[PDB]
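Remarks on the structure that follows.
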Amino acid sequence: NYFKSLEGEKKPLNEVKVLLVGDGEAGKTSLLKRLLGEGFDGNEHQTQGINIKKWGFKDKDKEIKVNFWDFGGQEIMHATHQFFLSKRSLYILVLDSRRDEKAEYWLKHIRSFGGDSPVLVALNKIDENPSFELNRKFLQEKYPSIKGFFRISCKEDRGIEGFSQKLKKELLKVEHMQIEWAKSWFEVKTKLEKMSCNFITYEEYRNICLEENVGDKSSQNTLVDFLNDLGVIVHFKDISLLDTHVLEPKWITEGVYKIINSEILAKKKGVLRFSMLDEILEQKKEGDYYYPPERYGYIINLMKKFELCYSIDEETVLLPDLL
Ligand SMILES: Nc1nc2c(ncn2[C@@H]2O[C@H](COP(=O)(O)OP(=O)(O)O)[C@@H](O)[C@H]2O)c(=O)[nH]1
Ligand SMILES: [Mg+2]
């Protein structure tokens with residue numbers, strides 16, 4: 001073994017996170033069903049919360065793997081979807097007529113988080129409003145990330161075939177599709193995927209890496225950046241956030257919603273003292289997620305980061321909506 005255990009054979013990654021974004025009741029969940037060939041029944045508004053569907057297709061030899069992220073009505077309303085928007089990904093912006101010109105709002109939003117990630121704009125519900133159009137030449141020039149506009153109808157199944165062909169084509173052209181990994185990096189990845197924990201500390205991640213061939217920090221830090229962008233974990237490089245490596249996205253959101261929908265916080269005009277978090281994040285019943293006291297800082301600072309929270313002093317924070 002010692003003689004031939006220095007280098008390693010490198011397979012291609014071929015994975016991308018696809019983020020369905022846009023206003024609530026626009027067509028995101030419906031469009032996702034059409035891409036996977038699940039049809040349309042009219043009752044897809046009943047499906048809410050974080051839904052991650054794993055999809056794949058074979059282009060020639062290459063086995064392409066896709067991770068669709070679908071954000072529910074609570075996610076867009078409370079803006080908790082911001083936690084999962086990442087670079088080196090692909091974005092699908094779903095729009096509709098009823099909300100007049102909200103596209104440029106979303107394009108600036110995707111630009112700030114997505115970076116160089118390509119965007120495909122879907123003009124949904126043309127059966128309800130045929131005349132619905134956008135100034136395409138203006139938008140694609142101002143936002144080079146836009147690769148195409150598509151008038152579609154998830155109800156009548158119009159324009160999905162054309163949209164799906166462009167999606168497949170642009171998915172192959174993403175920058176990190178050509179990038180290739182060592183065998184150990186895939187073993188770390190697949191280990192994390194099969195784990196059922198809510199999160200892991202940065203010590204535990206380094207141990208999992210040690211277990212596998214990669215033991216040097218430089219390589220370990222490059223791997224989490226990928227794993228974050230691929231959607232295997234949810235990780236941030238801020239000093240107050242970097243310890244928590246979230247494996248279950250619902251752990252974060254349900255913790256934030258408990259704070260936002262706290263009846264004790266409703267009174268007091270939304271002033272959140274950190275002594276109150278014990279009662280709010282306590283395990284009541286029926287599979288409530290466990291929130292350790294050491295992760296109180298994570299949740300609060302995470303909410304502060306994306307402007308769901310504003311600091312009054314060092315021990316308290318404000319919720320403007322409850323004021
Ligand atoms: N007529 C029509 N209805 C649609 C179309 N797409 C979605 N809908 C319906 O309008 C609502 C949109 O919600 P939906 O796409 O399921 O969830 P969300 O976009 O992720 O918030 C649902 O009741 C869908 O059945 C469409 O293209 N045409
Ligand atoms: Mg939805």
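Too long at a 20 Å Cα-Cα cut-off: which of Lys28/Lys125; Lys189/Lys217; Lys62/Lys183; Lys65/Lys155; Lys168/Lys189?
On the way: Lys28/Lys125 11 Å; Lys189/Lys217 16 Å; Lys62/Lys183 17 Å; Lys65/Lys155 27 Å; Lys168/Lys189 24 Å.
Pairs exceeding the cut-off: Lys65/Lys155; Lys168/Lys189.
Counting only pairs 8 or more places apart or on different chains, how many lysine pairs in the stretch 248-323 have C-alpha atoms closer than 23 Å?
Pairs that pass both the separation and distance tests number 18.
With springs only between Cα atoms under 10 Å, which of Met177, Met276, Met303 fluctuates most in a Gaussian network model of the chain?
Highest fluctuation of the listed residues: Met276.
Work out, in µm²/s and without decimals, the Stokes-Einstein translational diffusion coefficient of the chain at 10 °C, 1.306 mPa s, Rh from Kirkwood over C-alpha pairs.
Details: Rh = 21.6 Å.
Result for D is 74 µm²/s.
Could you tell me the ratio Rg/Rh of the stretch 2-93? Both radii from Cα atoms, Rh via Kirkwood. Present the calculation step by step, with values, prior to reporting the outcome.
Details: Rg = 17.3 Å, Rh = 15.2 Å.
With Rh from the inverse mean 1/r over Cα pairs, Rg/Rh is 1.14.
Go ahead and set up a Gaussian network model of the chain, Cα springs under 10 Å, then flag whichever of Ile299, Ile312, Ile52 fluctuates most.
Ranking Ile299, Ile312, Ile52 by mean-square fluctuation puts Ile312 first.
Nearest-5 percent of antiparallel DSSP beta bridges in the stretch 1-182? It would help to have the intermediate numbers written out before the result.
Numbers: 13 of 33 bridges.
Around 40 percent of the beta bridges assigned by DSSP in the stretch 1-182 are antiparallel ones.
In nm², what is the average projected area of the convex hull enclosing the Cα atoms of the stretch 248-323?
Working: hull surface 19.7 nm².
About 4.9 nm², averaged over all directions.
Taking a label point 7 Å from the Cα of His45 along the Cα→Cβ vector, which residues of the stretch 78-100 have an amide N closer than 19 Å to it?
Counting only backbone N, you get 78, 94-100.
Quick one: what are the phi-derived ³J(HN,Hα) couplings along the stretch 144-160, Karplus 6.51/-1.76/1.60 with θ = phi - 60°, whole Hz, x for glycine and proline?
Karplus-based 3J(HN,Hα) across the stretch 144-160 equals x, 5, 5, 9, x, 10, 9, 6, 9, 9, 5, 6, 8, 6, 9, x, 6 Hz.
So what is the calculated 222 nm ellipticity per residue for the chain, using -39500 (n - 2.57) for each DSSP H run with n of 4 or more, over all residues, to the nearest 500 deg cm²/dmol? It would help to have the intermediate numbers written out before the result.
On the way: 12 runs with 113 residues, N = 323.
Mean residue ellipticity at 222 nm (helix-derived): -10000 deg cm²/dmol.
If packing is taken as the mean number of other Cβ atoms within 10 Å per residue, what is the order of 118-126, 67-75, highest first?
Per-residue Cβ counts within 10 Å, averaged per peptide and sorted highest first, yield 118-126, 67-75.
How far is it, in nm, from the label point at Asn221 to the one at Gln178 when both lie 7 Å from their Cα along the line to the Cβ?
Going from the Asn221 label point to the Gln178 one covers 2.7 nm.
Report the net charge of residues surrounding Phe163, where surrounding means a beta-carbon distance below 12 angstrom and charges are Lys +1, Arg +1, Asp -1, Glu -1.
Values: positive: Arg34, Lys147, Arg151, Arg158, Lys166, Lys168, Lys169; negative: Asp157, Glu161, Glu170.
Within the 12 Å Cβ shell, the charges total +4.
Mind listing which chymotrypsin sites (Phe, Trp or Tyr not before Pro) in the stretch 283-323 are in a DSSP loop and have 12 or fewer other Cβ atoms within 10 Å? Before the final figure, lay out each step's value.
Working: sites: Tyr289, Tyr290, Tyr296, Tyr298, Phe306, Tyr310; in loops: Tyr289, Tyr290, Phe306.
Within the stretch 283-323, the qualifying chymotrypsin sites (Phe, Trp or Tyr not before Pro) (loop, at most 12 other Cβ atoms within 10 Å) are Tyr290.
In the chain, what % of DSSP beta bridges are antiparallel (nearest 5)?
Working: 21 of 41 bridges.
Among the beta bridges of the chain, antiparallel pairing accounts for roughly 50 percent.
Over the chain, what is the mean sequence separation of C-alpha contacts under 8 Å (at least six apart), divided by residue count, expressed as relative contact order in percent?
About 16 percent, as a whole number.
Using C-alpha positions alone, give me the convex hull volume of the stretch 89-181 per residue in cubic angstrom.
Numbers: hull volume 9.5 nm³, N = 93.
Output value, Cα hull per residue: 102 Å³.
Computed from the coordinates by the stated procedures, all read-outs in this text should not be read as laboratory data. Every residue, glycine as well, gets a Cβ built from its backbone with ideal geometry; the counts of neighbours run over all protein chains shown.
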